[PDB]
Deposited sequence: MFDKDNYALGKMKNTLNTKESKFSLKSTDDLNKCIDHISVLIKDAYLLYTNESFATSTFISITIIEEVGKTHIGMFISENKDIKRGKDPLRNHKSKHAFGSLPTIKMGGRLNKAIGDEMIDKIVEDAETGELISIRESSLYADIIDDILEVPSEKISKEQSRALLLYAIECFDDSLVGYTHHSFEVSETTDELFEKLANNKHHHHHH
């Protein structure tokens, strides 16, 4: 379906994912933890679609993602499971779970939002930063926003 033919195509997807990261960050800051989280899980599946379009990033362990959030194992497990899909659903859409009404603001925690954005940014960084001059420019904003969330 989706295959990138050019270094310009990769820079377009880089740029777009920078927008989602700025929007996920903007939402987290304004305490919209559930909507932020929805955009955070989108980035991780969009980063994965881009990497595959050119033809998961193994935790550093001791690296800035550990020192900032342990909880990594959790997100990686939910990601492998297919559980991150249902967490994303529940982070934007209200739902009758069996016969109680469930709502985004009471399914996503401030720290869950913080962790998936920090994880999304690493997803993008480990996957795409390094393959163009442009990625390096972008990574310094990605870095500034990452550091600010710690």
*Report the unmodelled segments of the deposited sequence as residue ranges counted from 1.*
1 to 21, 77 to 101, 116 to 117, 199 to 207
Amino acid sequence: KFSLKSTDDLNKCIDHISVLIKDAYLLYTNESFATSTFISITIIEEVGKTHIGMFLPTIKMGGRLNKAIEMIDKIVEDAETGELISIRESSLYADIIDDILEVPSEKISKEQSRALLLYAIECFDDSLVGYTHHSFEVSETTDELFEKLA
From here on, numbers count along this sequence of modelled residues.
*Taking only the CA atoms, which stretch has the higher mean B-factor in the record, 130 to 138 or 13 to 21?*
130 to 138
*Mean C-alpha temperature factor, higher of 57 to 65 and 110 to 118*: 57 to 65
*Candidate residues 29, 81, 50, 86, the one whose C-alpha B factor the record puts highest*: 81
*Tell me, lowest, middle or highest third: where does the Cα B factor of residue 34 rank within its chain?*
lowest
*Mind checking which third residue 92 falls in for C-alpha B-factor across the chain?*
lowest
*Hey, what third does residue 100 fall into on Cα B-factor, ranked over its chain?*
highest
